[PDB]
Structures are given as structure tokens and as C-alpha cells.
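Trainee: need a structure here:
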Amino acid sequence: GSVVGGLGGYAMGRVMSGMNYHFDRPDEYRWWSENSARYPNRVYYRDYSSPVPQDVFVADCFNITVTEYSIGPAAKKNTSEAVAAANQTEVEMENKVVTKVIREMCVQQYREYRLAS
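Mentor: Residues are numbered from 1 along each chain as shown. Please find the structure below.
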């Protein structure tokens, strides 16, 4: 077997679910709850050239990870998302929660990568 089961050639992140997060309160509980709707625990990064900073690395890491899981501002092309379907504020929160988790994770990798020998 070769081809078809891997067209992208992206690099896999670790399982990472349960880093230092604050989230104690009932409304902050939505951050954990809404995260629980999807909980990716991991990210995909690409073969960036090297002279690209964490800012960009984490951002494109995020954009590709959400593209793969069909979430965030980058699922079906780039199109209309201001609609009622599954409560716009609920999905918007789930959206920010997952955009943040995926970003937060690619930084959590980056920071441990910097700390690593």
C-alpha cells in the first residue's frame, strides 16, 4: 500500500488533554463543556520553512487543524457562518473554545519544544 491514506504529509501533534487551565466557575465550565463537544487533544503542523515565528507557526497550525476537523472559521471554504442552526452563541463559544484550544496546544508544543534539549 502507498498513497490515498495520506495526501497532505502533515506532522502529527501529541495527545495533550489536561494541561494547566484555570476554569473553575460555572460559566467558565462552558469552556470545558463546549471543549468536551469536540476535544481534539492534538494539532497538525506543516513543514514551515524555519524563518517563521511561533505567531505564524501556531496560527497556520490552527488553521490546518480546524480545516481537518471541519470547525473554526475554516471548514467549507470560508463562507457564510452568521446563521441560526444550533444556537449561534453556543456554537460561537464552542468555536472560540476550539480555536483557542488548538492554538493553545500548538503553543504548548512550541514552549516545550523550546525548553527541550
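Trainee: most centrally placed residue in the protein?
Mentor: residue 102 (2.2 Å; C-alpha atoms, centre = their mean).
Trainee: centre of the chain versus stretch 22-34, how much separation?
Mentor: 18 Å (C-alpha atoms, centre = their mean, to the nearest Å).
Trainee: er, stretch 43-52 I mean
Mentor: 15 Å.
Trainee: One more: stretch 110-117?
Mentor: 19 Å.
Trainee: Just the buried residues of that stretch, please?
Mentor: Buried positions in stretch 110-117, judged by neighbour count with 16 or more other C-beta atoms under 10 Å: residue 110. (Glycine included, C-beta is placed from N, CA and C.)
Trainee: returning to that earlier point: packing partners of the helix or strand where the residue nearest to the centre of the chain lies?
Mentor: Assigned by DSSP states H and E, residue 102 belongs to helix 88-115. Counting by 3 or more C-beta pairs under 8 Å, 6 or more residues apart in numbering; DSSP states H and E, the packing neighbours recorded for helix 88-115 are helix 26-36, helix 54-69.
Trainee: any idea which of those is most buried?
Mentor: helix 54-69 (a mean of 18; mean count of other C-beta atoms under 10 Å).
Trainee: distance between that helix and the chain's centre?
Mentor: How far helix 54-69 lies from its chain's middle: 7 Å, per C-alpha atoms, centre = their mean.
Trainee: got it, and stretch 107-114?
Mentor: Offset of stretch 107-114 from its chain centre (C-alpha atoms, centre = their mean): 15 Å.
Trainee: How about stretch 31-41?
Mentor: Distance of stretch 31-41 from its chain centroid, counting by C-alpha atoms, centre = their mean, is 11 Å.
Trainee: Alright, I will stop here.
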